[PDB]
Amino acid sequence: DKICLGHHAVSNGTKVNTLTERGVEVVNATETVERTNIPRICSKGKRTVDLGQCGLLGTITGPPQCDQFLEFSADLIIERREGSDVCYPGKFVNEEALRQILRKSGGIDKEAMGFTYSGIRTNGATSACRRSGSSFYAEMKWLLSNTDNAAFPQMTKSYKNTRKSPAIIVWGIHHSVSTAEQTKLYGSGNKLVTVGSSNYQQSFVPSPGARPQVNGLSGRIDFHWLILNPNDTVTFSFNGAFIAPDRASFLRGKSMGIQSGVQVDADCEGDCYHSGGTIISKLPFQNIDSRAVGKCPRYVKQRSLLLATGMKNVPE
């Protein structure tokens, strides 16, 4: 009489790799690298702001594309390729640092700084910043000499940070298309904007000149910023060519910012994003996008790495 010991097998096992072999058939195996993308921003359970045409930095200055987001509040912030920080052409100095701050900010709360003015106009506009016709950056004020070619009176304006949180303060320096047009807006002679907190002292001269047309205009307003700590004052000393802030920005809490080219979807829930969508996976590795962000599997080069979940397959 007799008894035999043995073990299972299947006609078609799965090939996997070992220390000693490439491609040994085992019974069952499973994938360890995620390749399955969900091609939408899985926004369920988070206050999501799709910035569309509003460039994230525009939330501070407030060109018209950004009117809905001037005091935005969010857990997830989505920047789009069509976004622009800007109506009257220009750029932010130290731009990417500020985006990194704002992406993290939870959104922004605005306070008036309460600058009032006399002996100047307070209301320059342009047809590149359209609302009901020629307007400007909503949070700023284009300060002009009272009438064409008039002297701009040497001014000082100061804002104390009343609040518990530190504040983002913005200003612009207008680089007019010609020394002609500079004189026309703010009068003749040297133009000096000086700015200081206690942490910060610096100085700006406009530098007028032709540059290629953007929204039809050849002038530029480059924007500057500083972080003004609680109970500290910021003081603007200036005689023209100065784009004054009306409102300071304060951060609300925390957020995560992504850049994406695909639709929001408040019905799918996820924590790892890239521009092509969301990565929902318990797997330890992903081969989808090396730049993905949030709480993600680790990017690896390899498309597949199979982990054996059964013994050697030994058929007949």
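All residue numbers refer to positions in the sequence shown, first residue = 1.
Residue range whose averaged C-alpha B-factor is higher in the record, 178-186 or 88-96: Comparing 88-96 with 178-186, the higher average CA B-factor belongs to 178-186.
Averaging C-alpha B-factors over each stretch, which comes out higher, 221-229 or 118-126? According to the entry, 118-126 carries the higher average C-alpha B-factor.
Which has the highest CA B-factor per the PDB entry: 78, 150, 101, 74? Highest C-alpha B-factor among the listed options: 150.
When the modelled residues of the chain are sorted by Cα temperature factor, does residue 305 land in the lowest, middle or highest third? As the PDB entry reports it, the C-alpha B-factor of residue 305 lands in the lowest third of its chain.
C-alpha B factor of residue 294, ranked within the chain: lowest, middle or highest third? Its C-alpha B-factor, which the entry lists for residue 294, ranks in the lowest third among residues of this chain.
Among modelled residues of the same chain, the CA temperature factor third for residue 172: As the PDB entry reports it, the C-alpha B-factor of residue 172 lands in the middle third of its chain.
Using only modelled residues of the chain, where does the Cα B factor of residue 209 rank: lowest third, middle third or highest third? As the PDB entry reports it, the C-alpha B-factor of residue 209 lands in the middle third of its chain.
Residue 133 by Cα B-factor - lowest, middle or highest third of the modelled chain: It belongs to the highest third of the chain when residues are ordered by C-alpha B-factor.
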